[PDB]
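J.: Please read through the structure below; I'll follow up with questions.
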Amino acid sequence: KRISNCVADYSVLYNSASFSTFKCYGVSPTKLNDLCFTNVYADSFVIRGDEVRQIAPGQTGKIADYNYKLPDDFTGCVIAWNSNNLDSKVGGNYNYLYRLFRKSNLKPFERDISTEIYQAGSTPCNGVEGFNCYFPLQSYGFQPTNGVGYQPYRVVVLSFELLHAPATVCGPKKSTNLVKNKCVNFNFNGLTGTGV
Amino acid sequence: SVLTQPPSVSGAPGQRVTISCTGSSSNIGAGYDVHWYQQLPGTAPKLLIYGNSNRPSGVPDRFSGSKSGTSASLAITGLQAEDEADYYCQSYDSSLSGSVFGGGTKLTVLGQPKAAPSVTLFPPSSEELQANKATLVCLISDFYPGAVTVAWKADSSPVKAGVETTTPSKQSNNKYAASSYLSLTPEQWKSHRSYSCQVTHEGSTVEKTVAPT
Amino acid sequence: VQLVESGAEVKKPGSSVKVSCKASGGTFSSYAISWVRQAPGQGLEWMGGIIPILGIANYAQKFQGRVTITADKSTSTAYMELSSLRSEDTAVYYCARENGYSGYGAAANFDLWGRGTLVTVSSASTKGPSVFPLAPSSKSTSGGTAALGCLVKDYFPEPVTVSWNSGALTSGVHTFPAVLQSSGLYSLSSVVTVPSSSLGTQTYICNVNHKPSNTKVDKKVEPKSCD
Amino acid sequence: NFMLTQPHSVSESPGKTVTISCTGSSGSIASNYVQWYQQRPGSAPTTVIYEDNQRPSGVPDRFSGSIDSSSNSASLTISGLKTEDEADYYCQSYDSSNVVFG
Amino acid sequence: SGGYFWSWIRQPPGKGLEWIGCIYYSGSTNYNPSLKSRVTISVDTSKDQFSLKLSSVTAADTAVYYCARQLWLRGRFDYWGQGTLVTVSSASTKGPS
């Protein structure tokens with residue numbers, strides 16, 4: 356998702372009081388709306404409960420290096436929460452897939468949709484489920500009757516872009532409290548008038 | 002839907018023809034690659050170019066694909082005798098959670114000269130009267146191109162019910178032929194004095210009439 | 002490789018259609034398989050794609066839970082199940098293949114395509130066709146050429162072929178296409194050009210072949226006596 | 001049922017380096033923000049570090065924190081201990097709409 | 031004004047800090063599961079103050095209560111008020127001998 360030619364407020368994204376986890380690196384979480392950026396990139400995917408700790412810069416594993424790499428200069432904002440009552444069902448919900456095998460590493464902010472069979476041995480298989488060849492794409496194990504570390508989690512990352520462009524999507528001037536009957540200073544779009 | 006394409010584009014056999022495709026910021030402008038396909042009227046479409054950077058086997062180098070940010074463009078050099086098809090834009094849409102195609106552009110200018118049409122009117126036979134229906138056929142043959150309007154009259158008022166027109170097909174000698182039916186009943190077929198079909202081709206109007214009695 | 006699909010198929014408005022997708026050779030039990038529909042009048046759409054390895058369905062949000070696609074590994078084939086047909090199902094389906102790659106874009110490219118399935122549904126289902134011979138009159142013929150033929154009415158479904166004397170006539174034959182009616186019925190024509198000297202010694206007979214209905218009506222053509 | 005485990009007593013001579021741990025039982029330590037509060041006896045607590053790496057303006061540089069998500073433990077490192085550092089240290093979390101201290 | 035949070039935090043003498051509950055300037059309230067159904071906190075913007083009511087207090091409720099401004103709800107506070115001493119004991123006040 357790309358956010359452009361829009362204006363938004365992150366205050367309503369925080370008072371939901373329903374997110375199980377929230378991490379924001381590169382900027383202080385209370386002082387991001389006033390700061391203005393150029394573009395906002397949002398990616399949405401599902402993940403298990405034991406892999407939410409893997410979405411961080413500076414570690415190696417199975418999902419964070421084969422599906423979406425996190426670079427060192429990562430000023431993103433990752434938000435995840437539990438919605439296991441809608442994305443899972445009885446009888447085994449295997450609609451979501453994931454990649455387990457890869458030939459080598461991948462560049463960050465790159466998507467891998469290769470469905471070729473990964474070869475482990477030194478002999479070709481020509482697309483067969485035999486020896487020295489296994490499918491890199493595998494099914495999930497989601498179930499609504501699981502515990503807490505293996506449920507389907509809805510994780511999204513909000514990243515910011517800093518280029519030589521004017522601000523496009525950023526927090527506007529905050530509506531402060533209205534005061535009356537006092538000698539105060541105000542600016543209603545056309546004058547800096549001081550008075551009651 | 003989310004992808005819009007021009008209805009048609011004009012060009013010349015020897016100059017550069019470029020098409021422009023415009024979508025949204027979540028399907029093409031997000032960063033996804035685009036794919037172009039050719040829809041020949043009668044054959045299954047095939048892959049022309051994927052990712053706008055590689056050349057598939059069996060595809061000539063005259064086709065060029067580029068992505069100018071949010072919009073993708075395709076350019077060709079020279080109009081050959083196989084570009085009479087439709088071009089579509091294919092890209093992954095995150096909002097639709099799947100692949101969505103474009104509108105389609107037709108590539109033709111003019112290839113249809115004029116000719117002299119000839120019509121034939123044949124009344125229904127005797128065995129057709131007992132079927133409780135009356136199919137009035139007025140055949141048109143040996144004409145070029147295949148764009149003829151059909152009007153039916155009963156010498157007192159035009160008939161605007163049951164009028165049909167079939168598409169014309171290429172003959173053996175590169176001409177076109179067509180037929181027009183008219184659904185009626187034998188109850189009022191004998192009451193009327195005569196029936197006829199009236200057609201107009203480039204201003205040339207001919208008329209043929211039959212008498213049931 | 003090449004993908005071979007079945008021909009035209011006509012069902013009822015509210016029934017279930019059953020078509021197949023055959024693959025010749027290999028490279029069918031290694032890559033994802035999807036379905037493409039092209040409709041004359043609008044653009045192309047994509048209902049969804051099914052991976053044959055894990056047997057996991059992946060449809061689009063624009064289509065509800067009505068069309069289901071299954072996969073087979075023993076014979077390397079796929080089946081399409083689609084019930085509750087509506088009025089706008091007159092289109093053609095395509096059996097496509099997906100070959101993923103690596104890159105910044107990572108878009109689904111459709112390198113391999115099938116043949117096509119012309120699935121049309123409407124009213125006025127299969128019935129008994131009626132053929133009426135056509136004969137010239139005295140006023141219709143003025144020179145040495147006369148126009149005559151056979152008119153075929155209320156036939157279903159397409160395609161219907163017309164043979165003249167079991168293929169004995171090849172010069173001067175013309176076959177006309179069909180056309181939609183108000184009640185969803187088709188009608189064709191077939192006329193030939195013959196010299197008037199052979200109208201009294203050689204007879205012309207039309208043979209109608211309709212393989213979905215398995216009817217072969219043979220009717221004689223005779224000139225009119227009054228005119 | 002998420003509780004933060006902290007060492008009850010930690011002793012070190014001034015001028016050296018010591019590490020104070022904060023281990024979570026059920027929830028992963030990297031899921032939510034970890035806040036360390038240095039409270040003098042008979043005084044209100046004061047935030048000595050936040051955001052698991054961010055030091056407030058006013059506290060010295062020595063109050064540096066680190067996160068070990070593999071061991072589910074939050075670490076606060078103190079270098080060059082002084083007299084004024086003799087105070088109570090508590091680590092804070094959030095879990096899910098229920099703030100949990102150390 | 032400003033869209034921040036309020037929170038009451040108590041601390042028994044010689045024990046760790048305990049979180050009681052948090053409030054918004056609106057009616058949003060969340061309480062600790064151990065202290066659930068016993069905490070009643072209300073906000074009155076006219077007097078520019080917020081008050082907390084505790085029911086069924088026992089002898090184990092002796093703690094130093096702190097009210098703290100919460101700039102960020104799931105993160106740090108920034109300002110701590112001075113802790114009032116609350117002692118729960120006995121049935122009457124009596125003079126010394």
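Respectively, the protein sequence lines represent chains A, L, H, K and M. With PDB author numbering applied, the first sequence closes on residue 551, and no number is skipped along the way. With PDB author numbering applied, the second sequence closes on residue 214, and no number is skipped along the way. With PDB author numbering applied, the third sequence closes on residue 228, and no number is skipped along the way. With PDB author numbering applied, the fourth sequence closes on residue 102, and no number is skipped along the way. With PDB author numbering applied, the fifth sequence closes on residue 127, and no number is skipped along the way. All C-beta atoms, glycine included, are put in the ideal place defined by N, C-alpha and C.
#1: Within its chain, find whatever has a CB closer than 7 angstroms to the CB of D156 of chain L; leave out the 5 residues flanking it on each side and keep chain order.
#2: Looking at the structure shown, is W190 of chain L part of a helix, part of a strand, or coil, going by DSSP?
#3: Under the DSSP definition of a beta bridge, which residues are partnered with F123 of chain L?
#4: Taking 8 angstroms as the CB-CB cut-off, is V68 of chain H touching chain L?
#5: Counting only runs of 3+ residues fully inside the segment 28-98 of chain K, write out the beta strand (DSSP E) ranges in chain order.
#6: Counting pairs of beta carbons, one from the segment 26-39 of chain H and one from the segment 87-99 of chain H, are three or more of them closer than 8 angstroms?
#7: Compare the C-beta of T500 of chain A against all C-beta atoms of chain M and say whether one is closer than 8 angstroms.
#8: Does any residue of chain K have a CB that is nearer than 8 angstroms to the CB of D108 of chain M?
#9: Just to make sure I have the definition right: I need the residues of chain A whose C-beta is within less than 8 angstroms of the C-beta of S95 of chain L. Which are they?
#10: Taking 8 angstroms as the CB-CB limit, is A31 of chain L close to chain A?
#11: Counting only Cβ pairs nearer than 8 angstroms, list the residues of chain H close to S98 of chain L.
#12: Beta-carbon separation of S13 of chain K and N72 of chain K under 8 angstroms?
#13: In chain A, which residues lie less than 8 angstroms from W102 of chain M when you measure between Cβ atoms?
#14: For the putative contact between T136 of chain L and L183 of chain L, defined by C-beta atoms under 8 angstroms, what is the C-beta separation to the nearest angstrom?
#15: Do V100 of chain K and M3 of chain K come within 8 angstroms of each other at the CB atom, strictly closer than that value?
#16: Assuming contact is defined by CB atoms lying nearer than 8 angstroms, are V35 of chain L and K68 of chain L in contact in what I supplied?
#17: Does the beta carbon of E51 of chain K come closer than 8 angstroms to any beta carbon on chain A?
#18: Give a yes or no on whether the minimum CB-CB distance between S103 of chain H and chain A is below 8 angstroms.
#19: Identify each residue in the segment 464-477 of chain A for which the Cβ-Cβ distance to at least one residue of chain H is less than 9 angstroms, and report them in chain order.
#20: Go ahead and pull the three-state DSSP assignment for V362 of chain A.
#21: Helix, strand or coil, according to DSSP, for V407 of chain A in the structure here?
#22: Does the segment 149-165 of chain H come into contact with the segment 121-135 of chain H, if we say contact requires no fewer than three beta-carbon pairs (one atom in each stretch) closer than 8 angstroms?
#23: I'd like to know whether the C-beta atoms of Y105 of chain H and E465 of chain A end up nearer to each other than 8 angstroms.
#24: Identify the continuous beta strand (DSSP E) that holds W47 of chain H and give its terminal residues.
#25: Using a Cβ-Cβ distance cut-off of 8 angstroms, determine whether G57 of chain M contacts chain A.
#26: Okay, do the segment 88-96 of chain L and the segment 16-31 of chain L touch, 3+ Cβ pairs below 8 angstroms being the bar?
#27: Does the CB of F456 of chain A have a neighbour CB from chain M at under 8 angstroms?
#28: Checking 8 angstroms against the spacing of the C-beta atoms, do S69 of chain K and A411 of chain A come in under that value?
#29: Could you check if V445 of chain A is buried or exposed, using at least 16 other CB atoms within 10 Å of its CB as the buried criterion?
#30: Kindly confirm or deny that the segment 196-208 of chain L and the segment 102-109 of chain L touch, where touching means at least three C-beta pairs closer than 8 angstroms.
#31: Under a CB-based cut-off of 8 angstroms, is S26 of chain L close to chain A?
#32: Closest to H211 of chain H by CA distance: which of H:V122, H:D155, H:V161, H:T118 is it?
#33: Per DSSP, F177 of chain H is paired with what?
#34: For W114 of chain H and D62 of chain L, what's the separation of their Cα atoms in angstroms?
#35: Less than 8 angstroms between the beta carbons of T5 of chain K and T77 of chain K, yes or no?
#36: Could you give the DSSP three-state label for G24 of chain K: helix, strand or coil?
T.: The answer reads as follows:
#1: Only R194, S195 meet the Cβ criterion.
#2: Looking at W190 of chain L - three-state DSSP - the assignment turns out to be helix.
#3: Beta-bridge pairing links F123 of chain L to L:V138.
#4: At a cut-off of 8 angstroms between beta carbons, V68 of chain H makes no contact with chain L.
#5: Segments of the beta strand (DSSP E) lying fully in the segment 28-98 of chain K: 35-39, 46-49, 64-68, 73-79, 88-92.
#6: Yes: at least three Cβ pairs fall under 8 angstroms.
#7: False, the Cβ-Cβ gap to chain M never drops below 8 angstroms.
#8: Cβ-Cβ to chain K under 8 angstroms: yes for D108 of chain M.
#9: Those within 8 angstroms of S95 of chain L in chain A are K356.
#10: Interface residue, yes.
#11: Chain order gives the chain H residues near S98 of chain L as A61, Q62, where near means a beta carbon separation below 8 angstroms.
#12: Between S13 of chain K and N72 of chain K, the gap from beta carbon to beta carbon reaches 8 angstroms or more.
#13: Going along chain A in sequence order, the residues near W102 of chain M (Cβ under 8 angstroms) are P384, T385.
#14: With a Cβ gap of about 7 angstroms, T136 of chain L and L183 of chain L count as contacting.
#15: A contact, by the Cβ cut-off of 8 angstroms.
#16: The answer is yes: Cβ separation under 8 angstroms.
#17: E51 of chain K counts as touching chain A.
#18: Judged by the 8 angstroms Cβ criterion, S103 of chain H is in contact with chain A.
#19: Shown in chain order are the members of the segment 464-477 of chain A whose Cβ falls below 9 angstroms from a Cβ of chain H: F464, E465, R466, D467, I468, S469, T470, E471, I472.
#20: It is coil, neither helix nor strand.
#21: Reduced to three states, the DSSP call for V407 of chain A is helix.
#22: Yes, the segment 149-165 of chain H touches the segment 121-135 of chain H.
#23: Going by C-beta atoms, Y105 of chain H is nearer than 8 angstroms to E465 of chain A.
#24: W47 of chain H -> beta strand (DSSP E) spans 45-52.
#25: Chain A, which has no Cβ nearer than 8 angstroms to the Cβ of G57 of chain M, makes this no.
#26: Taking one beta carbon from each stretch, the segment 88-96 of chain L and the segment 16-31 of chain L have 3 or more pairs nearer than 8 angstroms; the two touch.
#27: Interface flag for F456 of chain A against chain M is unset, since no Cβ pair is found closer than 8 angstroms.
#28: In contact: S69 of chain K and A411 of chain A (Cβ atoms closer than 8 angstroms).
#29: Its Cβ having fewer than 16 others within 10 Å, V445 of chain A is exposed.
#30: By the C-beta criterion, the segment 196-208 of chain L is judged not to be in contact with the segment 102-109 of chain L, since fewer than 3 inter-stretch pairs fall below 8 angstroms.
#31: Closer than 8 angstroms to some Cβ of chain A, the Cβ of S26 of chain L qualifies, so yes.
#32: Considering only alpha carbons, the answer is H:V161.
#33: Beta-bridge pairing by DSSP links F177 of chain H to no other residue.
#34: Those two C-alpha atoms are separated by around 22 angstroms.
#35: The beta carbons of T5 of chain K and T77 of chain K sit no closer together than 8 angstroms.
#36: In the three-state reduction of the DSSP assignment, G24 of chain K falls in the strand class, which pools E and B.
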